[PDB]
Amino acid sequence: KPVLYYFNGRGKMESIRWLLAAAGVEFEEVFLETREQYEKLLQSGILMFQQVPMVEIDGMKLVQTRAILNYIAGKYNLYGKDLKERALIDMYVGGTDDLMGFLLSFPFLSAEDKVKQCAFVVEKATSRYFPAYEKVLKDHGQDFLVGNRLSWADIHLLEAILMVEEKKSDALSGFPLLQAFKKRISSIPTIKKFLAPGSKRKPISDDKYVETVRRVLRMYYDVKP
C-alpha cells in the first residue's frame, strides 16, 4: 500500500525502508529520474514544501522524513508504551540520526573530501555514539534499548552500525554488547529478510545516484564536507 517517492538510492529514504520492512509492511517505490517528472510533481502540488522524501500512506501525502518515521513507528507499535519510553526512543534516535546524517553527503563529496569525512564519521562513532549506546545496554543489561522489546531505536541503531562498518569493518571492536546487539537484532525474521538478498534495501550510493539527483533537483553541485 505505502508508496515511497524518492531516488533509486539510500539518501534520507533508506531509514524509512528499514522501518517499514522491520514492521513486515510491503511497500512500492516511485523513483524520480528526470527533471520532468519532478516539475510535474511540483505542478500537482502534492509536495507541501516542494521536497522529497514523500510517502503516500493511509490517505496522506506525508513529507518531512522525521514526520514519516514517527508515524510508521507509532502505527506499528515500535514507539514504546508511554511518553517516557517515547522520550528515550526519540533521544536514542536523535543520536543515530546525527551520525547517519554525516554520511548523507558522502556520495557528493570529492575523492579527497571523502577521506576526511570518512575519518570524521568513524571518529564520531567510536568516541561519541557507540560508547553512549554501549553504556545503555550495560546499565540495564537487557536485550533491547528500551522497554525490554524491539523498538524503532533498535532498528535505527542497527542501520547506523552497518553503515559505519561499511567504512570500517572493525568499528565495533571494543564494544562487545553492541556486537551482541548487532547479531540479535539482525536475527529478527523481518529484519533478517531485509538484510537478505532480493530485499528492497539499497546499496551504497554511487555516481549514478549523485548524477540523477543533480539533474532532477539541479542542486548539490558543490557539496562541502
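Start at 1 with the first residue shown and count on from there.
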property: Comparing 32-40 with 47-55, the one whose average Cα B-factor in the PDB entry is higher; result: 32-40
property: Higher-scoring stretch by recorded Cα B factor average, 128-136 or 112-120; result: 112-120
property: Candidate residues 107, 95, 74, 101, the one whose C-alpha B factor the record puts highest; result: 107
property: Residue 143 by Cα B-factor - lowest, middle or highest third of the modelled chain; result: highest
property: Third assignment of residue 173 from its chain's C-alpha B-factors; result: highest
property: Entry-reported Cα temperature factor of residue 210, expressed as the chain third it lands in; result: highest
property: Relative C-alpha B-factor of residue 13, binned into the chain's lowest, middle or highest third; result: lowest
property: Record-listed C-alpha B factor of residue 216: chain third; result: highest
